[PDB]
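*Asks:*
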Ligand SMILES: *C/C=C(C)/C=C/C=C(C)/C=C/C1=C(C)CCCC1(C)C
Ligand SMILES: CCCCCCCC/C=C\CCCCCCCC(=O)O
Ligand SMILES: CCCCCCCC/C=C\CCCCCCCC(=O)O
Ligand SMILES: [Cl-]
Ligand SMILES: [Cl-]
């Protein structure tokens, strides 16, 4: 059902996808140690934001690791090219995992924004819009080989949820940044633009079967996911952590003031 299963891969292409995924694991588990150790320097009001990055690191790290092992299980070097064997490789597992990682990324943003009834109501609408976007995207990617028109349609429905979700995010950011301490009102605007850039890479990767239906396209989609994953989880995570420690320090939390 996926474009990955259509082609044989050169040693170069196969190895590069393997390296990308393996690097992904490395980066997320390395970042996982950073967030764990710096969590002691975050005040109790914001400590869950740092804990959420740890959850994200392990979740994304486990899926990338599963993808890497599935990649190597599925293909073998036969007559000069990596060819598909008994098992299959699919990007479908990422979609399933986004059901958990996307709410996590959104929740840590809400915490550093100083959201408190307001927090539960905003989290529910965000998670429902996020699940709507993920589910419609998952259905759409089932047709990336058999029905391009269907991929485009479910993609349009997914984009509508993405846009409304982004509008909720931006509205809350640009409204609640005045509550933010230690000059983090400036930082949070950059986090908004970082999310807009990084999350927009996922629907681009989704559209790869439409404009680059070949093995090089398979490499590109994995490259795009790698850039997007590192930017949206790791880089985003580090900015959320800085915002949490800076605000904690401005709020009189001694470990944060000493660590800075
Ligand atoms: C760490 C993983 C993250 C931040 C996943 C983000 C996923 C998206 C922003 C999903 C985007 C999609 C569209 C807006 C349309 C096509 C289908 C999707 C689900 C790939
Ligand atoms: C086999 C894969 C190779 C392993 C790559 C992991 C090497 C670690 C390098 C970058 C990971 C990103 C984590 C950044 C540490 C946080 C410190 C900081 O930037 O403030
Ligand atoms: C901010 C996210 C950074 C992600 C780092 C990705 C590292 C790879 C970047 C550039 C190397 C490009 C190498 C060219 C690939 C050749 C494809 C092939 O093997 O056939
Ligand atoms: Cl506190
Ligand atoms: Cl993920």
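Numbering (the deposited numbering), first residue to last: 2 to 117, 119 to 262.
Just so you know, even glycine gets a beta-carbon here, dropped at the ideal spot from N, CA and C.
My guess is that residue 224 and residue 18 are in contact by the Cβ rule of under 8 Å, so how many angstroms apart are they, rounded?
*Replies:* Here residue 224 refers to the residue found at position 222 of the chain shown. Here residue 18 refers to the residue found at position 17 of the chain shown. Indeed they touch by this definition, with Cβ atoms about 5 Å apart.
*Asks:* Please identify the residue among 81, 244, 58 whose C-alpha is closest to the C-alpha of residue 30.
*Replies:* Here residue 30 refers to the residue found at position 29 of the chain shown. With distances taken between Cα atoms, residue 30 lies closest to 58.
*Asks:* Does DSSP put residue 77 in a helix, a strand or coil?
*Replies:* The residue given as residue 77 occupies position 76 in the chain shown. Correct three-state label for residue 77: strand.
*Asks:* Would you kindly check if the distance between the Cβ of residue 50 and the Cβ of residue 113 is under 9 Å?
*Replies:* Locating residue 113 in the chain shown gives position 112, where the first residue counts as 1. Locating residue 50 in the chain shown gives position 49, where the first residue counts as 1. Contact flag set, yes.
*Asks:* Give the single residue among 137, 185, 67, 151 whose Cα lies nearest to the Cα of residue 89.
*Replies:* If you number the chain shown from 1, residue 89 lands on position 88. Checked all of 137, 185, 67, 151; the closest Cα to residue 89 is 67.
*Asks:* Kindly indicate the opening and closing residues of the alpha helix (DSSP H) around residue 259.
*Replies:* As a working mapping, residue 259 is identified with position 257 in the chain shown. From DSSP, the alpha helix (DSSP H) with residue 259 extends over 256-261.
*Asks:* Hey, out of 119, 91, 217, 140, whose CA is closest to residue 16's CA?
*Replies:* In the chain shown, residue 16 corresponds to position 15, counting from 1. Cα-wise, what sits closest to residue 16 is 217.
*Asks:* Given 8 Å as the limit, tell me if residue 300 has its C-beta closer than that to any heavy atom belonging to ligand 4.
*Replies:* No information on residue 300 is available, as it lies outside the stretch 2 to 262 that the chain covers here.
*Asks:* For a quick check, are the C-beta atoms of residue 219 and residue 213 less than 9 Å apart?
*Replies:* Taking the chain shown and counting its residues from 1, the one referred to as residue 219 is at position 217. Taking the chain shown and counting its residues from 1, the one referred to as residue 213 is at position 211. Going by C-beta atoms, residue 219 is nearer than 9 Å to residue 213.
*Asks:* Quick one: Cα of residue 116 to Cα of residue 104, how far?
*Replies:* One-based indexing of the chain shown puts residue 116 at position 115. One-based indexing of the chain shown puts residue 104 at position 103. Each residue's alpha carbon lies about 15 Å from the other.
*Asks:* Quick check: the stretch 193-212 against the stretch 161-170, are there 3 or more CB pairs under 8 Å?
*Replies:* Touching, per the Cβ criterion.
*Asks:* Might you give, ordered along the chain, the residues of its own chain that have their beta carbon closer than 7 Å to the beta carbon of residue 109, omitting 5 neighbours on each side?
*Replies:* The residue you call residue 109 lines up with position 108 of the chain shown. If we look at residue 109 and ignore the five residues flanking it on each side, its Cβ neighbours are 50, 53, 54, 242.
*Asks:* Can you give me the C-alpha to C-alpha distance between residue 82 and residue 56, rounded to a whole angstrom?
*Replies:* Here residue 82 refers to the residue found at position 81 of the chain shown. Here residue 56 refers to the residue found at position 55 of the chain shown. Each residue's Cα considered, the two are about 38 Å apart.
*Asks:* When you measure from the CB of residue 133 to every non-hydrogen atom of ligand 1, does any distance come out below 8 Å?
*Replies:* Your numbering for residue 133 matches position 131 in the chain shown. No; taking the cut-off as 8 Å, the Cβ of residue 133 has no heavy atom of ligand 1 nearer than that.
*Asks:* Under the DSSP definition of a beta bridge, which residues are partnered with residue 10?
*Replies:* Within the chain shown, numbered from 1, the residue matching residue 10 stands at position 9. Per DSSP, 83.
*Asks:* Report whether the distance from the Cβ of residue 23 to the nearest heavy atom of ligand 1 is below 8 Å.
*Replies:* Here residue 23 refers to the residue found at position 22 when the chain shown is read from its first residue. It does not: the Cβ of residue 23 is nowhere closer than 8 Å to a heavy atom of ligand 1.
*Asks:* Using 9 Å as the threshold, is the C-beta distance between residue 161 and residue 197 below it?
*Replies:* Taking the first residue of the chain shown as position 1, residue 161 is located at position 159. Taking the first residue of the chain shown as position 1, residue 197 is located at position 195. Contact flag unset, no.
*Asks:* Report all residues from its chain with a CB closer than 8 Å to the CB of residue 184; omit the five preceding and five following residues, and keep chain order.
*Replies:* Mapped onto the chain shown, residue 184 falls at position 182. Counting only Cβ-Cβ distances below 8 Å, and skipping sequence neighbours, we find 248, 249, 251, 252.
*Asks:* Taking the straight line between their C-alpha atoms, what separation do you get for residue 260 and residue 124?
*Replies:* The sequence position of residue 260 within the chain shown is 258, counting from 1. The sequence position of residue 124 within the chain shown is 122, counting from 1. So the alpha carbons of these two residues sit roughly 33 Å apart.
*Asks:* For the stretch 23-108, which segments carrying the alpha helix (DSSP H) assignment without a break, of at least 4 residues, lie completely within its bounds, in sequence order?
*Replies:* List check, alpha helix (DSSP H) in window: 48-75.
*Asks:* Measuring alpha carbon to alpha carbon, tell me which residue in 210, 244, 230 is nearest residue 190.
*Replies:* As a first step, residue 190 must be located in the chain shown, where it is residue number 188. Of the listed residues, the one whose Cα sits closest to residue 190 is 244.
*Asks:* Grab me the residues of residue 42's own chain with a C-beta within less than 6 Å of its C-beta, minus the 5 sequence neighbours each way, in chain order.
*Replies:* Within the chain shown, the letter at position 41 stands for residue 42. Closer than 6 Å at Cβ, skipping near neighbours: 247, 257, 258, 261.
*Asks:* Just the C-alpha distance for residue 78 and residue 92, rounded to the nearest angstrom, thanks.
*Replies:* Against the chain shown, residue 78 aligns to sequence position 77. Against the chain shown, residue 92 aligns to sequence position 91. Computed Cα separation, rounded: 21 Å.
*Asks:* Any chance the CB of residue 184 is under 8 Å from a heavy atom of ligand 3?
*Replies:* Taking the first residue of the chain shown as position 1, residue 184 is located at position 182. Because no heavy atom of ligand 3 lies under 8 Å away, the Cβ of residue 184 does not count as near it: no.
*Asks:* Looking at residue 76 and ligand 4, is the gap between the Cβ and the nearest heavy atom below 8 Å?
*Replies:* Locating residue 76 in the chain shown gives position 75, counting from the first residue. No.
*Asks:* From this set, 7, 131, 159, 222, which residue's C-alpha is nearest residue 100's C-alpha?
*Replies:* Translated into the one-based positions of the chain shown, residue 100 becomes position 99. The candidate whose alpha carbon is nearest that of residue 100 is 131.
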